[PDB]
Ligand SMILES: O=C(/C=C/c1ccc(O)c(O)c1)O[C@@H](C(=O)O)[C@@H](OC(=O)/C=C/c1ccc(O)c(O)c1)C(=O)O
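This document starts with one chain, in the form solved without the named molecule, laid out as structure tokens.
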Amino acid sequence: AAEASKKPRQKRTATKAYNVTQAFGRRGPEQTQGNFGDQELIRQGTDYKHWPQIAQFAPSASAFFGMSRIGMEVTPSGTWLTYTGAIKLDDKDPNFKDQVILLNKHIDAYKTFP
């Protein structure tokens, strides 16, 4: 929890020991908050049983910079590198139905937390 924190935010790895809320703050509606993860994913980070099945949609560094609309924002809160894009799921892949089911579980989960 002490060593996994010293890393700059975007190089942190969320585990059971250092969780998604600890690593990346609360799920939230705010423009700079994250909104992915049910309670199990939040609590387990990359120890989640199905992490590699979510991992496979994460961009490489090259892809992060190659695909995205990249931007800069200078505000009193400081200077920010902005990013947006879109990743096409391969609907010809055998696990396509599962991929959709898994990612639905997590997207905006926090809004139906008890």
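Throughout, we count residues from 1 along the sequence that is shown.
There is another form of the same protein, the form solved in complex with the named molecule; it is not shown, and what comes next is about it.
*Asks:* Would residue 15 sit within 4.5 Å of the named molecule in the deposited bound form, counting heavy atoms only?
*Replies:* Residue 15 lies outside the contact set for the named molecule.
*Asks:* At the 4.5 Å heavy atom threshold, is residue 99 in contact with the named molecule in the deposited bound form?
*Replies:* Taking the distances in the deposited bound form, the answer for residue 99 is no, it never comes within 4.5 Å of the named molecule.
*Asks:* For residue 49, is any heavy atom within 4.5 Å of the named molecule in the deposited bound form, or not?
*Replies:* Contact check for residue 49: no, nothing within 4.5 Å of the named molecule in the deposited bound form.
*Asks:* Taking the named molecule as it sits in the deposited bound form, is residue 56 in contact with it (heavy atom to heavy atom, 4.5 Å or less)?
*Replies:* Output for residue 56 is no: heavy atoms all beyond 4.5 Å of the named molecule.
*Asks:* Sequence order please: the residues of 26 to 53 with a heavy atom within 4.5 Å of the named molecule in the deposited bound form.
*Replies:* In sequence order, 26, 27, 39, 42 come within 4.5 Å of the partner.
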